[PDB]
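The chain that follows stands alone, in the form deposited in one PDB entry, written as structure tokens.
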């Protein structure tokens, strides 16, 4: 309906209302590398096709991550130094320092702890009564995992969920009312983690992220802003994406009862379902780059300093890359063929830990409630107002047993 030159896919309302899909379909068909002059976030390029996103991801010497990796320009948290928002060489050193916490030798030891925690959380759910899945399952388990990643005082766990929400929120969406309040609450995050750092620098490293960072020579002189940037990366990385994936799967099985039927008939399909849930959800809708020089991408002239947006949410629905991409299919032959974890030097380091948490939830769900329709959505979900976080504030669920 709207003239092509004035499509603004970044409009946060489109993500809350779940209407953004159509605009991305339109851009994929008519103008896959689309310039937007007017938005909440100033001008930017939209890269909407799987092939073109792969192209941007694999040319970091052209498409820099340096200052910021989001479309947001007024959010002072996303402009803090963080290794996701760094080019090589500094990026490579800081990624290697965090990578060990989510290394498979440490994911075997974690599998048992995730299973006991998951079991206990499901055992505490009410039966034949509506509850909020996001509060009782998704926030609950993902927060527990992030506390363990940080060796965070378990009694203070909920602080992690808050800091995560504050880092990514739009002003006046129910989280924080101004940038001054965002930085005030994140000051408390830096203060808390600084106490933990002081206890763990100058003593043998623990297996916990604060220890790993305090004992990597390149990170030892970090300013509180540098420390806070990496903290919020790890905090939003280590809860919000898995959280929205955990919620997303319940919704996807309820919208597609045929797939819920296949799953219950063959619980081995969890192996191929989990990657599909992560594609379907695309918990981070996009990632931003900044052109360091004039370049051509899908036959378009991108200028020096231009903001480029890789819309994973569009790429994961690209029929050129994925057969029948708008269907939720839990038994795809190549179900890990998606952009939800991105690609290239910044490819998600936590992807195996995210998939491990999701596998264990679905295993433990089916051991207790194995029949199709038992985990039922009984109300519309409340979606997040963001072009970055594609997630759920609430999801009403009733377990029929």
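Positions refer to the first chain, counted from 1. Rigid core (definition): largest C-alpha set, two forms, superposition within 1.5 Å.
This protein has a second form, the form deposited in another entry, left out of what is shown; the following refers to that one.
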* Of 208, 306, 276, 165, the one whose Cα moves 2 Å or more between this form and the one not shown after core superposition -> 208
* Relative to the superposed rigid core, does the CA atom of residue 151 travel 2 Å or more between this form and the one not shown? -> yes
* If you line up the core, does residue 320 shift 2 angstroms or more at its C-alpha between this form and the one not shown? -> no
* Comparing between this form and the one not shown on the rigid core: C-alpha of residue 265 shifted by 2 Å or more? -> no
